[PDB]
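Here the Cβ positions follow ideal geometry from the backbone for every residue, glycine too, while neighbour counts run over all protein chains shown. What follows draws every value from the coordinates through simple rules; no lab data is involved.
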Amino acid sequence: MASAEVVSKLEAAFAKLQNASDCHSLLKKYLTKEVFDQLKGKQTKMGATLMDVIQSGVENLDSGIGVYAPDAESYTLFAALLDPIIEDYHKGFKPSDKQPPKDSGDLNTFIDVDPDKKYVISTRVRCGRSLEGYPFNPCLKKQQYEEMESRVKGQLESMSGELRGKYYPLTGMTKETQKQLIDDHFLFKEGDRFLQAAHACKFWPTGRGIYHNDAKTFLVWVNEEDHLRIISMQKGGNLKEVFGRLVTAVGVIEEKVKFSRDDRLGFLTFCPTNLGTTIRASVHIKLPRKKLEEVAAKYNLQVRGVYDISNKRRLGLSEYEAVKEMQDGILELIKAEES
C-alpha cells in the first residue's frame with residue numbers, strides 16, 4: 001500500500017529515533033523494530049501512512065506522546081503502535097477495556113458546586129469531534145478545509161435561543177475582530193512546533209473559524225487542532241447549566257454533521273490524549289501542606305492561590321462519569337478547604 005519512497009523515508013525516520021538515546025516519548029517507547037516492520041508498508045484509504053502518524057515525534061524528539069492520528073482509519077490500521085500508546089497514557093485503560101456507550105446521564109444530578117459563591121470563579125466543559133468522512137489535519141486538502149467549514153458554519157448559524165451567535169472565519173478576519181476575540185480569550189492562531197511538524201496547520205487560515213453565542217457562554221473552534229473543539233462556560237459554579245448547554249449545542253451540530261466514533265475508543269480525535277469522551281471539565285477555583293495534590297489525586301483531578309482543576313480521565317468512562325468525577329472532586333476539595 002505505501003510507496004517504496006514512503007517506506008525508505010520511514011526507514012530513515014526510524015534510524016533517527018533509534019539514534020536518539022535522550023528521547024522518551026511514547027512514540028519511541030512503542031515503535032519497536034517489530035511494530036515498525038509490521039506497520040511501515042500500510043496506508044489508509046484516505047492515503048495516510050505511518051509517516052503521517054509519527055512525523056511530529058520524529059521531528060520533536062522531546063515530545064511526550066509523539067504521534068497524532070491523520071485520519072479515523074489510522075486508529076485501526078496503526079493500532080499495533082497506537083493501542084499501547086493509548087493504554088500507556090490513559091492509565092487504567094486496559095487492552096480488554098472499551099469506551100462505554102455515549103451517555104451524558106441524568107443532568108439534574110449535576111449541581112452548583114459553590115452555592116455560597118466563595119470559591120469557584122467559573123466553570124467550563126470542553127469536548128472535541130472529528131467529522132465522519134474527512135481526514136484529520138495532517139491529510140486535509142484545501143477544498144476539504146473549505147467544505148467542512150461551510151457545513152459547520154451552516155449548523156452554527158442555524159442556532160437560536162441561548163445559542164444564537166456569530167461565526168467569524170479567520171479567512172478575511174479584520175484587525176477589529178482579532179482584537180475583540182483576543183479580549184474574550186476566544187482567538188486562536190496557527191499551531192506550535194508539535195502541530196506544525198504534524199502538518200496539522202497547512203493552508204492557514206483556510207477553513208478555520210470561531211463561533212460564539214451572544215452570551216459568550218458557548219464557543220466553537222473549527223479546524224484548530226481537531227475539526228471541532230466545542231466549549232461551554234460561565235461564571236460561578238453551575239456545572240448543570242454549563243454541561244446541559246454543551247450537550248444541547250453538540251446535538252444541534254450533529255443534526256447535519258455526523259461525527260467519527262469508534263466502539264472501543266469512543267470519539268476519534270487528532271491527538272490520542274483526547275479520545276473516548278474528549279471531555280475536559282474544569283473550574284477556575286480559589287483555594288487558600290499541599291494536601292491539595294493529595295485530595296486531587298484521590299478524586300482523579302488535575303491541578304494546573306487560584307487554580308484550574310479538571311478531570312484526569314477521558315477514556316474508559318462515559319461523558320456523564322467524566323463530568324461527574326469533576327463534580328465529586330471539586331465538592332471534596334471545597335470540603336477539604338473548609339475544615
**Message:** Please return the ranges of strands (runs of 3 or more DSSP E) entirely within region 228-339 where 1 or more residues are farther than 25 Å from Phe93 by Cα.
**Reply:** 228-235, 280-286, 306-311
**Prompt:** Being within 24 Å of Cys271 (Cβ to Cβ), in contact with a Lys or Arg (Cβ under 8 Å, 6 or more places away or on another chain) and among the polar types (S, T, N, Q), is that true of even one residue in region 190-212?
**Reply:** yes
**Prompt:** Could you list, in sequence order, the residues of region 116-156 that are aliphatic (A, V, I, L, M) and touching an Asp or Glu at 6+ places or on another chain (Cβ under 8 Å)?
**Reply:** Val120
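Please verify whether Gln143 is of a type outside the set (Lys, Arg) and under 18 Å from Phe270 (Cα atoms), treating the condition exactly as stated.
Values: of a type outside the set (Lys, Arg): yes; under 18 Å from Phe270 (Cα atoms): no.
Against the criterion (of a type outside the set (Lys, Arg) and under 18 Å from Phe270 (Cα atoms)), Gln143 does not qualify.
Go through region 135-221 and tell me which helices (runs of 4 or more DSSP H), entirely inside it, have 3 or more residues that are at negative phi and in contact with a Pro (Cβ under 9 Å, 6 or more places away or on another chain). Quick ask: steps written out before the conclusion?
Numbers: elements: 142-157, 175-183, 193-197.
Because the criterion is at least 3 residues that are at negative phi and in contact with a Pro (Cβ under 9 Å, 6 or more places away or on another chain), the helices (runs of 4 or more DSSP H) in region 135-221 that meet it are 142-157.
Residues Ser130, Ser104: which one is hydroxyl-bearing (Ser, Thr, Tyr), under 22 Å from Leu301 (Cβ atoms) and within 20 Å of the chain's Cα centre (by Cα)? Spell out how you get there, then give the answer.
On the way: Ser130 fails: under 22 Å from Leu301 (Cβ atoms).
When all the criteria are applied, what remains is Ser104.
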**Asked** Any idea which residue in region 99-139 is farthest from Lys240 (Cα to Cα), counting only those that are surrounded by 16 or more Cβ atoms within 10 Å (Cβ to Cβ) and of a type in the set (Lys, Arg)?
**Response** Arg129
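Would you point out the residue of region 290-339, among those that are of a type in the set (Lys, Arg) and surrounded by 16 or more Cβ atoms within 10 Å (Cβ to Cβ), that is nearest to the chain's Cα centre (by Cα)?
Our first condition is that a residue be of a type in the set (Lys, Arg); within region 290-339, this holds for 290-291, 298, 304, 312-314, 324, 335.
When the remaining residues are screened for being surrounded by 16 or more Cβ atoms within 10 Å (Cβ to Cβ), the result is 312-314, 324.
Working: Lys312: 13, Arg313: 13, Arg314: 10, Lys324: 19 Å.
Once the filter is applied, the top-ranked residue is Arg314.
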**Item:** Residue in region 97-109 that is among the basic types (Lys, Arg), within 30 Å of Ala2 (Cβ to Cβ) and in contact with an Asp or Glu (Cβ under 9 Å, 6 or more places away or on another chain) present
**Value:** yes
